[PDB]
Each structure stands twice: as C-alpha cells, then as structure tokens.
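Every chain is numbered from 1 and lettered A, B, ... according to where its sequence line falls, protein lines coming before strand lines. What you see below is based on every heavy atom in this structure, not just the backbone, and it leaves out hydrogens, waters and symmetry mates.
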Amino acid sequence: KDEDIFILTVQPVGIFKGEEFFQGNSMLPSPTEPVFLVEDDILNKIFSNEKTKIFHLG
Amino acid sequence: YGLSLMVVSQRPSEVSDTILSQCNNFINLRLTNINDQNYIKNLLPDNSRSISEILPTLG
C-alpha cells in the first residue's frame, strides 16, 4: 500500500553467449541484474533453421 | 546361466513392468514424458530419488 510493487514469475529456457543461442537450464542471474524486452530480430533468429528445411507454418 | 539384459526404450510406461523391475542399474538420459518420469522415479532405488529430478534438465 505504501508503494506499488509489480512482480513477474519468470522461467529460464535458454542462454545467449554471443550472437547465438544455447538451450538449457540450471543457470542463475545474480540479483539486481537488469531485465529487458526481447527484440524481434533476436526472436526470429531463433525458430529459424537452415533454408533447406524451413517450413513456414505461420 | 550366463544371460542378462540391457533394455533400451523411449517409453518405460509401455515396456512391461515384469522386466524393467529387474534392472538393478540404470542409465537415464533426458526424459520429457511425465508418465515415463514418474515410472522411472518409482522404480529407482530410494537413495537416488532425490537426485533423480535432473532427468528433464539433462542435455
């Protein structure tokens, strides 16, 4: 009541090392670390495979 | 008589329980079907039940 608190429960699914994606868990960001929104290019780099086996399901 | 088993399967809930219950050692890779994980947990020795929760996470 004194202040407004906004808390999100969030699950880890994978890690970026650099310009690439690794899938896994058991990885812990230290507290106070910043949280951002995902850009669309970062999202569409994932869910995309080599052009020889791409199926655009929608 | 000189025979033993090293059963391999994707669906432990489908392999008959009369043979899987005879396995004394286990080599457990990643499991993602809850119905199979519950079976493999219940079949495991008691001491390994605590450490067995890694199966969905192993990669």
When rounded to the nearest 0.5 Å, the distance separating CD1 of B:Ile51 from CG of B:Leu44 is 10.5 Å

When you check the side-chain N and O atoms of B:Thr57 and A:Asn25, is any donor under 3.5 Å from an acceptor? no

Would you find more than 12 non-hydrogen atoms of other residues, nucleotides or ligands less than 6.0 Å from A:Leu43 atom CG? yes

Within 6.0 angstrom of A:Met27 CE, more than 12 heavy atoms from elsewhere: yes

Note, A:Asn49 side chain near A:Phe55 side chain (heavy atom, < 4.5 Å): no

Which pair of heavy atoms, one from B:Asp36 and one from B:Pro12, lies closest together, and at what distance? CG-CD, 3.5 Å

Test salt bridge (charged side-chain N to carboxylate O under 4.0 Å, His left out) applied to B:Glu53 and B:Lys41, step by step: CA-CA 8 Å; B:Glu53 317 296 319; B:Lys41 298 291 180 68; 3.0 Å; yes

Any B:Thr32 side-chain heavy atom under 4.5 Å of B:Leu55 side chain: no

So B:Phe26 and B:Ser48, do their side chains get closer than 4.5 Å, heavy atoms only? no

If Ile, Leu, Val, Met, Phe, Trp and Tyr residues are connected whenever their side-chain heavy atoms lie under 4.5 Å apart, and connections chain through other members, are A:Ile15 and A:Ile42 in the same group? no

Starting from A:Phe47, can I reach A:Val38 by hopping between I/L/V/M/F/W/Y residues whose side chains sit under 4.5 Å apart? yes

Measuring from atom CD of A:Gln23 to atom CD1 of A:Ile46, what distance do you get when rounded to the nearest 0.5 angstrom? 9.0 Å

Spatial distance of atom CD1 (B:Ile40) from atom OG (B:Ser52) [nearest 0.5 Å]: 9.5 Å

Give a yes or no on whether the backbone of B:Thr18 and the side-chain of B:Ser16 come within a donor-acceptor separation of less than 3.5 Å. no

Atom NZ of A:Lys53: over 12 foreign heavy atoms under 6.0 Å: yes

For the CZ atom of B:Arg49 and the CG atom of B:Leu43, what is their distance to the nearest 0.5 Å? 9.0 Å

Within a reach of under 6.0 Å around CD1 of B:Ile27, are more than 12 heavy atoms found that belong to other residues, nucleotides or ligands? no

B:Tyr39 pairs by side chain to side chain contact (heavy atoms under 4.5 Å, CB included) with which of B:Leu20, B:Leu31, B:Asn33? B:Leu20

CG (B:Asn47) with more than 12 external heavy atoms under 6.0 Å: yes

Any side-chain heavy atom of A:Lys45 within less than 4.5 Å of one from A:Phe21? no

Which heavy atom of A:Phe16 sits nearest a heavy atom of A:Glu20, and at what distance? CD2-O, 3.2 Å

Please give the remaining members of the hydrophobic cluster of A:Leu37, linking ILVMFWY side chains under 4.5 Å, ordered by chain and number. none

Considering only heavy atoms from C-beta outward, does the side chain of B:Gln37 approach that of B:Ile34 to under 4.5 Å? yes

